[PDB]
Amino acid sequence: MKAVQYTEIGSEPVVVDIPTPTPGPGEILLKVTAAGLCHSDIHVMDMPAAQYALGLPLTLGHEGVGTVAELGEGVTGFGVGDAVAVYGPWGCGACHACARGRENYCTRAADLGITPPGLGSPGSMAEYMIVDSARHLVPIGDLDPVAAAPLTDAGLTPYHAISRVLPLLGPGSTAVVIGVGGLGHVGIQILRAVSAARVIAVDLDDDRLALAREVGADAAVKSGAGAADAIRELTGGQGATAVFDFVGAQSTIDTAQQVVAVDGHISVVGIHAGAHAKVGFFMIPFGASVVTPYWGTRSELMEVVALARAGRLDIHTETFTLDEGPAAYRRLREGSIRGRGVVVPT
C-alpha cells in the first residue's frame, strides 16, 4: 500500500510503498477515507534526533476516518463497511482514567509503550490502517469523511479544552480564541454550539480573522502587542471569562494573562516549546486557573461527532492525494491551508 512516512530525522516525509497490514486478534483494519494533517506533525518532525522517540519509519496521521475492511479474531460490534472515526490518544483501557473513557489522561500508557496512531504507532496517512481495539472506533454514519477526519483532533482537542470549564461559560461570559487555524476555527463553533459565550477570535492573519467571523465569532481582532487592549475594550474591564490559546507562544500566553477575568480560565492548548503561563500572585488574577489540556476523551469524541451530524460544525478543509502529502506539509508549515489539510487515499 501507499503511505506517507517520516523516515529520517530532519528530512521531509516521503511517499512509500509498504505492506498492507493484516489485523491480529482484537484489531480492526480500516480502509482509510480521510487523514488530517495537524501542526503537531510539524513539531514532531522538527524534533532533533536526541528528543525524537516515536520510531522510524513512522506512518503519519493521527486524524483518521475510514471504513471497516477486516475484523481481527474476536472483534464484535462492527461490520465490514461501517464508517468510523479513530479515537487517537490510546490508553491502557484499565486504569481509573481509562475506565471513565479519559484515555488521554491514562497513567499507564507511557510505561506500557502505548502510543497514538501517527505518533508512535502507524497512522492514517495510508491506504489502510490498523486500530488496536474496537473501543477506539466511533461510528460516523454518513458524515462526509473529509470533514469528519478533523473531528478526531481539530474537533476533539478544543472540545475537551472547552469542556473542562464549560460551567464558567454562561450567558454574559466571554471566550477568547487565539489562533484561527485547524483547531481554532472548530473551537469557535464549539463555543457557539455548547455555550452562550460571546466569542472573540484573535489571529495574526486578516484572512483568518475573516474565517473566524465566517464560522461565528462575535468579534475578530489582530494578534500582537495591541490585542490585550483591544480585547479589554470589547469586554469592558472585567476581561475575558476564558481564553483558549491554540497558539501557545509566550506572546499569546501573555495576552491571555493580561485579559483573563478574576475566577476565569486560560487553556494553553497550542504548543510552543519553552512557553508557559506564569501563575503566581500579582501575575494573574485571583482564581484564574490555567491548564495545558491534552487531546480528549472517548465520550467527547462521540459528542463532537454528534455536533457534526447535527450541522453545528462547518469544517474548512483542503483535500490532497497521498502523493501530495509532503506538499501539504509544506503548505501547513507556510500557513497557507485555510482550515485543515486532509489527505484522501486513492
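Numbering starts at 1 and follows the sequence shown.
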Exercise. Higher mean Cα B-factor in the deposited model: 51 to 59 or 30 to 38?
Worked result: 51 to 59
Exercise. According to the deposited model, is the average Cα temperature factor higher in 227 to 235 or in 98 to 106?
Worked result: 227 to 235
Exercise. Out of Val75, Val268, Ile140, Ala175, which residue has the highest Cα temperature factor in the PDB record?
Worked result: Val75
Problem set entry | Chain-wide C-alpha B factor ranking for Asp263, given as lowest, middle or highest third | lowest
For this session: Determine, from the deposited record, the chain-internal third of the Cα B-factor for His185: lowest, middle or highest.
Result: lowest
Exercise. Comparing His272 with the other modelled residues of its chain, is its CA B-factor in the lowest, middle or highest third?
Worked result: highest
Exercise. Ranked by Cα temperature factor within the chain, is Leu211 in the lowest third, the middle third or the highest third?
Worked result: middle
Seminar exercise, completed: Binned into thirds over the chain's modelled residues, the C-alpha B-factor of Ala256 lands in the lowest
